[PDB]
Amino acid sequence: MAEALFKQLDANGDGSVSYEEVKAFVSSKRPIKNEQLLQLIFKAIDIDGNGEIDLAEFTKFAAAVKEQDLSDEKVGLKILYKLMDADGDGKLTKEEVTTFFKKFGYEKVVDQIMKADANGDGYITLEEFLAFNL
Ligand SMILES: [Ca+2]
Ligand SMILES: [Ca+2]
């Protein structure tokens, strides 16, 4: 008398879908509040050309982050992104990033960076950067 598999939840058997549905499905179990922040991050963590992810993508990603020889490498530039961020205070402004990312070795990114943001921030936060290379 128990269950734990998005399989049914989905049923569609399409494998992929809008985690949003899984975010709520789970949110109505152990958690309660987070489906938002998550769903959000996820939605952005996707943008692979739709917005519908697959339990696999999530799981794989988890097993991908689990590995102790990949993230760390980035963690470094990350910890630096947060530290170096003395003016940003959390978000790195074009100039900031451009210079930072460039000082780090992402001059060719400056292009995607400037073309990355353009909604209502004009800057790039830790995530953002990590988003470009997630
Ligand atoms: Ca996808
Ligand atoms: Ca932005």
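Each answer follows from the model by the rule given with it, or from the source it names; these are not laboratory values. Note that we place each Cβ from the backbone using ideal geometry, even for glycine, and neighbour counts take in every protein chain shown.
Does residue 94 count as within 20 Å of residue 123 (Cβ to Cβ), away from ligand 1 (no atom under 16 Å from the Cβ) and within 17 Å of the chain's Cα centre (by Cα)? Even if it seems obvious, please write down each step before you answer.
Numbers: within 20 Å of residue 123 (Cβ to Cβ): yes; away from ligand 1 (no atom under 16 Å from the Cβ): yes; within 17 Å of the chain's Cα centre (by Cα): no.
When the stated conditions are applied, residue 94 does not pass them.
Against the list (1) within 18 Å of the chain's Cα centre (by Cα); (2) surrounded by 14 or more Cβ atoms within 10 Å (Cβ to Cβ), the condition residue 75 fails is (2).
Restricting region 76-113 to residues that are more than 11 Å from ligand 2 (Cβ to nearest atom) and among the aliphatic types (A, V, I, L, M) leaves a set whose member that is nearest to residue 46 (Cα to Cα) is 109.
For (1) part of a helix (DSSP H, G or I); (2) within 19 Å of residue 61 (Cα to Cα); (3) not acidic (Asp, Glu), each residue gets a yes or a no:
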| site | (1), (2), (3) |
| --- | --- |
| 9 | yes, no, yes |
| 14 | no, yes, no |
| 21 | yes, yes, no |
| 25 | yes, no, yes |
| 30 | no, no, yes |
| 38 | yes, yes, yes |
| 41 | yes, yes, yes |
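All of 33, 29 fail the test of being under 25 Å from residue 130 (Cα atoms), surrounded by fewer than 12 Cβ atoms within 10 Å (Cβ to Cβ) and among the charged types (D, E, K, R), apart from 33.
Looking only at region 30-50, count how many residues are among the charged types (D, E, K, R) and within 22 Å of residue 4 (Cα to Cα).
Final tally of qualifying residues: 3.
Once region 36-50 is narrowed to residues that are within 11 Å of ligand 1 (Cβ to nearest atom) and surrounded by fewer than 14 Cβ atoms within 10 Å (Cβ to Cβ), the residue that is nearest to residue 12 (Cα to Cα) is 50.
With respect to the conditions (1) touching a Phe, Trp or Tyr at 6+ places or on another chain (Cβ under 8 Å); (2) in a helix (DSSP H, G or I); (3) touching a residue at least 24 places away in the same chain (Cβ under 8 Å); (4) closer than 19 Å to residue 124 by Cβ, residue 100 lacks only one, and its number is (3).
For first residues located in region 57-73 and over 15 Å from residue 46 (Cα atoms), partners that are surrounded by 10 or more Cβ atoms within 10 Å (Cβ to Cβ) and small (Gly, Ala, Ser) and lie 6+ apart or on another chain with Cβ distances below 6 Å form the pairs 65/71. Taking the criterion of being in a helix (DSSP H, G or I) and touching a residue at least 12 places away in the same chain (Cβ under 8 Å), the residues of region 81-97 that qualify are 81, 82, 94, 96, 97. Applying a threshold of 6 Å to beta carbon distances and a minimum spacing of six or more residues, or different chains, the list of pairs starting in region 40-54 at a residue that is assigned by CATH to the domain that holds residue 16 and ending at one that is in a strand (DSSP E or B) and within 7 Å of ligand 1 (Cβ to nearest atom) reads 46/53; 52/16; 54/16. Is it the case that region 68-80 has a residue that's within 17 Å of residue 133 (Cβ to Cβ) and outside any helix (DSSP H, G or I)? Within region 68-80 (the criterion being within 17 Å of residue 133 (Cβ to Cβ) and outside any helix (DSSP H, G or I)), the answer is yes, since at least one residue qualifies.
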